[PDB]
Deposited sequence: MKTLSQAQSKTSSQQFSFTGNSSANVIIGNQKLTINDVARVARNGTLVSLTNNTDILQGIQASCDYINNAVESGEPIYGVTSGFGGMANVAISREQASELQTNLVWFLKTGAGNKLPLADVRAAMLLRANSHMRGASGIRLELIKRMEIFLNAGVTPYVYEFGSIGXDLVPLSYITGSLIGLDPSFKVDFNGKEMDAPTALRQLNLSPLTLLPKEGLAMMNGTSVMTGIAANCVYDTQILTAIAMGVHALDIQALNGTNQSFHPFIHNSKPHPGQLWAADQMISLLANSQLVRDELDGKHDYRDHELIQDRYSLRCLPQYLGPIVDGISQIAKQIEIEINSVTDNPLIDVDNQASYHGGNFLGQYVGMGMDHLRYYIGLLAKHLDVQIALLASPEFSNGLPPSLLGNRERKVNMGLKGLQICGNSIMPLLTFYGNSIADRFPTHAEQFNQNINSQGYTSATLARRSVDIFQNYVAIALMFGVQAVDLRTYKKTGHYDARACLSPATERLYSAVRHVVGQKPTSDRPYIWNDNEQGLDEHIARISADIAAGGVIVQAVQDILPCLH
């Protein structure tokens, strides 16, 4: 379903191909294929004129060899798939002078489920990581390993099973394959996709929190925000109105007639820059996704090639720095909401630590769960520190005196996202238990579905389905401490978010 060459790829496109195994196909547009061939002819005819052919090919092949110096853990398969999709997407522009056959090799690997192994260390922002993909694609040596739908195999063996012949890199092809920002951008693309989703879910968590705390909806009145018209603020306030519409737990005051802490009253003002910043990043990453990043670039129309520096992924490096920074801020705001919920002094009447069965004097509720949340949030703000500014000025014989650190900035971002998925699962558990207890205080039973706004009811129910605890008027989500292993619930919720399950579908409208 995803065609490469015609229209620009979106972050959503990359995600589907990387995470869902969506099939890919190179465009059949003759004009595109023509350009691709045309740039190759330029390099070929350049070799026929003006420093040889075989020597020029040996050089490209040796590039793969001295670059096989990766280290550390392997990148997740999804990120390597995203990188191949982007590398191919870049080539289709017809300015890299690479054979269509090599570009097709990536389509084949992506559709066949063959993913080259790539290391997390090696790039200052992606020669080294891309060399592992290159070497695997061409079947250079058995030392190059790949994952073929499940188990480890050497590149040559996969190429045999695919009934494909090894390839020999022609002049420029090595650089066309290994010079560029495809890997760091692929990682970043998936990070942004996941963060947009977690932000939507976080909005749903805040909507649950507001209801459990009996907060007012007056803070989201359009008059307030239109007077301070920041797009992200306007958006956040309007989304909360929709998330709280028809709720029986919020005190309705849109008519005009402080008790609410700032974490509720200033929610739109706080989230505004975060939402806008994530949107800015998404936009910048989408441009990077569709950029030609190798070097030199071939300009056929003028029969010339130019030496530039499009291989510097500064937008990804700084973009991911901001992304991690935004995530920390989202987590801290969510953690403060949990603090209000867990403390009798500020929860407006809820049981201490959202205890369920008051009868059992031994129960402590979600006290342990808050502590876990309190342990993860600071780590997220820790990851919100930057790395683009810490670039080494003496890199590569002092030739790369500036570099983006985009690759590690992206891998750090993947770590932040993975941690944030666990944190949001915790925030979701607090919000779900809290509304059941508030519903009880209001109606005498524990079925929050009878009072929740229809929008938050969808999320509430999705969470209860995932953990396997069906809402009942007789009991809230968590009753006695010894009836469930909260770790199992965190793990199940997090797994569902990562897989785009019912929890994600439930907030599909906030995206």
item	value
Missing stretches, numbered from 1 on the deposited chain sequence and kept in order	1-24, 75-91, 167, 300-307, 562-565
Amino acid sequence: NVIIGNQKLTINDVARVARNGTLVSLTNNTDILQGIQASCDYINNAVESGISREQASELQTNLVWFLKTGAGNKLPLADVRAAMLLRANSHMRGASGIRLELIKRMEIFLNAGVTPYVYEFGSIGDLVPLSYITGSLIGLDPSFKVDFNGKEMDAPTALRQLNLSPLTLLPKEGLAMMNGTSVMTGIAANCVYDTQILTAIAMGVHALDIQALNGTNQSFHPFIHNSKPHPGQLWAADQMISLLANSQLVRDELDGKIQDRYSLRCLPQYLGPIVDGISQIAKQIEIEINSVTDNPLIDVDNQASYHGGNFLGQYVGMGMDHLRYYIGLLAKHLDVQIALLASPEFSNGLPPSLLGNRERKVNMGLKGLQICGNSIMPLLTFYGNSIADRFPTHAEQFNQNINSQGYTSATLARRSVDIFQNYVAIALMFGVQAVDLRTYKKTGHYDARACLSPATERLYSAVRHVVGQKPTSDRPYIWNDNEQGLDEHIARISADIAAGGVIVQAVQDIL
From here on, numbers count along this sequence of modelled residues.
item	value
Higher-B stretch (mean Cα B-factor, as the entry records it), 21-29 or 484-492	21-29
Mean C-alpha temperature factor, higher of 431-439 and 158-166	158-166
Residue with highest C-alpha B-factor in the PDB entry, from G97, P392, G135, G272	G97
Which of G319, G72, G356, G373 ranks first by CA B-factor in the deposited coordinates	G356
Third assignment of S90 from its chain's C-alpha B-factors	middle
Relative C-alpha B-factor of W235, binned into the chain's lowest, middle or highest third	middle
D418 CA temperature factor, ranked by third within the chain	lowest
Third of the chain, ranked by Cα B-factor, where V146 sits	middle
Entry-reported Cα temperature factor of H333, expressed as the chain third it lands in	lowest
